[PDB]
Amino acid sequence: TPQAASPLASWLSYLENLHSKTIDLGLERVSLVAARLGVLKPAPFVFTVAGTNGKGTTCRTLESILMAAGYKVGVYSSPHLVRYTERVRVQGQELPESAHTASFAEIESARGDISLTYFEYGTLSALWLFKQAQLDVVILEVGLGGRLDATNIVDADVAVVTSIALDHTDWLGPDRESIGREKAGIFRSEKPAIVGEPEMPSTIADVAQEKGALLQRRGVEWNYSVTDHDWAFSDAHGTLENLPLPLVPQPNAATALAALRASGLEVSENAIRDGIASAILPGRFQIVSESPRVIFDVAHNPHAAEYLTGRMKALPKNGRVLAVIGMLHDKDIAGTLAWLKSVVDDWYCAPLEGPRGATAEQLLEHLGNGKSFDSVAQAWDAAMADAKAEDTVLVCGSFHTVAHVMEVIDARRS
C-alpha cells in the first residue's frame, strides 16, 4: 500500500489493481467515501459534461472562456494522452505529482474498507484536489455514460450532453435511446440540461422530465450557423456574430457556449471570443505541421470516424492521404475503418501493445490494402518517408497511436 510519499507511478500501479473489477459502474461506494472526504460539492459552480464524443473539447472550451472571464477553474478530463497528471487541470495547468499522491493518501485513509476502482479513486482525487484549490468553477468530464459514472455523485449546476452515438454498448445498451438515457443521468432538477446532440434520442427528454431538469437543446432552445470564415450562435438571451472558427470541433464549441450562457455566470462577450479563439486540445484534429500536412486525431468509434472523415474531405484538395493507425479491440474497428477508408489512400498499420490492442495484421485485414509495421514509431517513420510535401499524414485510431507519435516527435527535438 502506497503512501503520500510514494512516487505517483506506484500509486497508479496500485489503483490499477485495487478493485476486483477494472470498471464497476455504480455510485454507492464512491459516494460514501466522497461523503467522508467532504468533496461532493467541489466548487460553488459545477459543469458536468457527458456524451459519446466531444466531452474533452467541450470541457476545454468552457475552461478557456471561464479563465478569460477571470474565474478560478478546475477541469477533470479522461482518458489521458501521455501523462496521468493531464487529467486534473487548475487554471489550465497540471498540478504537482506530490499533490496527486497526497490526495491519494487522503482517499486511502478515508475509504476504510470500502473498495474503489481506478476511475473512482481518480475521481475522488480530482474532487479533493479541486476542493483544496478553492475554485470558483469545476468542470467534470463524465468517465463513461452518466447515470452510474463516478462523476455523477456530484450535483451539476449545468449538465451537458455533447453527442449521442454508439460506443460503450457493453455498459450503456445497444442503441441511441439506451445510451441517451444513461448520459442524461447527470441531469438535475431545476438545473439547465444542455443538449448539443442535434438528433436527440427521446430518452433524453424522458430523463429531463423524470428529473425536472431544464432541457435546452440544439435546434430548439439554441442553435448556430457557420460560414467558411466564422460562426454565429443564438439562444433565448440573444445572438453572437462572427465568432472565431473553433480549433476544436464546431458542434462542441457551440455546446460549450450554450452551456456557458445558460449558466448565468458573468462572462463578457470578449471573454467568450478570447476563450473560443484559444480553446484547443492536443490530438483533436490537431494540425501538427505542413509539407506534408500532419494531423493527429483520436477518433475511436464510427461516429468520431465519420466526423473525422468529414474534416479530412474538407481539407484542401490534392495530394495523397497516408494514415498511421493503431486501435484497441474494444472499439468497433470495422465501423471506424469503414469511414476512414473513404478518405485514406495509403495505410500504415501498427500494433498497440496490449491486453486490448489490435495487431498490425488485424487492422490490415479490415483494410484490404496497406502495410504492417512492428510499432507505431516504425509506421510513422515509413509514412513520413513516403509522404511528399503535397500529401497529408493522419495519425489516428486511438489515444495510444497519437500519443506514441507525439512522443517520438518530441524526443527527436533533443
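Counting begins at 1, following the sequence as shown.
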Which has higher Cα B-factors on average according to the PDB entry: 240-248 or 118-126?
240-248
Higher avg CA temperature factor (23-31 vs 363-371, as deposited) belongs to 363-371
Member of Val46, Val49, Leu352, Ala68 with the greatest C-alpha B factor (per the PDB record)
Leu352
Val267: CA B-factor among chain residues, third -> highest
Comparing against every modelled residue in the chain, figure out the third that the C-alpha B-factor of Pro292 lands in (lowest, middle or highest).
highest
Among modelled residues of the same chain, the CA temperature factor third for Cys59:
lowest
Temperature factor at the Cα of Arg356, chain-ranked in thirds, falls in the highest
Cα B factor band for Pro316 (lowest, middle or highest third within the chain):
highest
